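Visitor: take these chains first, placed just as they are in the complex:
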Amino acid sequence: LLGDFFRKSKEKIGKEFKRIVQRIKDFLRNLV
């Protein structure tokens, strides 16, 4: 399972960078 550890740590970091992008788009739409 060492190769299974390196694959699942990367998927986790990519999923949090995507939650930051959607919050910025909601603030700027709420002002109109």
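Guide: Thanks, I have it. Numbers count the residues shown, from 1 in each chain, chains lettered A, B, ... in the order given.

Visitor: what about the helices in chain A?
Guide: With DSSP state H as the criterion, chain A has helices at A:2-29.

Visitor: give me the number of residues near residue A:9?
Guide: Burial of residue A:9 is recorded as 8 neighbouring residues (other C-beta atoms under 10 Å). Heads up, the C-betas are built off the backbone N, CA and C, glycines and all.

Visitor: now residue A:32
Guide: By other C-beta under 10 Å, the residues close to residue A:32 number 4.

Visitor: equivalent analysis for residue A:7, please.
Guide: Residue A:7 has 8 nearby residues by other C-beta under 10 Å.

Visitor: repeat for residue A:14
Guide: Applying other C-beta under 10 Å, we find 8 residues neighbouring residue A:14.

Visitor: and then chain B:
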Amino acid sequence: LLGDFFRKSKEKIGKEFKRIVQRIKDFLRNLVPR
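Guide: Adding chain B to what we have so far:
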């Protein structure tokens, strides 16, 4: 809570980079013939 959202998201990303460094140090020690 907008300023509380940005502070807690940075803390979470730094904790995962530190788990990767400790797993690499444990592989290299276990090879010693002794």
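
Visitor: so, the neighbour count of residue A:9 revisited with chain B in the model?
Guide: Counted with other C-beta atoms under 10 Å in any protein chain shown, the neighbours of residue A:9 add up to 13.

Visitor: gap between it and chain B?
Guide: 6 Å (C-beta to the nearest C-beta, to the nearest Å).

Visitor: my guess is that residue contacts residue B:20. True?
Guide: Yes: with contact defined as C-beta atoms under 8 Å, residue A:9 and residue B:20 form a contacting pair (6.2 Å).

Visitor: near chain B, which residues of chain A show up?
Guide: Within reach of chain B by C-beta under 8 Å from any C-beta of the partner chain, chain A has these residues: A:2, A:5, A:9, A:12, A:13, A:16, A:19, A:20, A:23, A:27.

Visitor: go again with 10 Å.
Guide: By C-beta under 10 Å from any C-beta of the partner chain, the part of chain A that sits against chain B consists of A:2, A:5-6, A:9-10, A:12-13, A:16-17, A:19-20, A:23, A:27.
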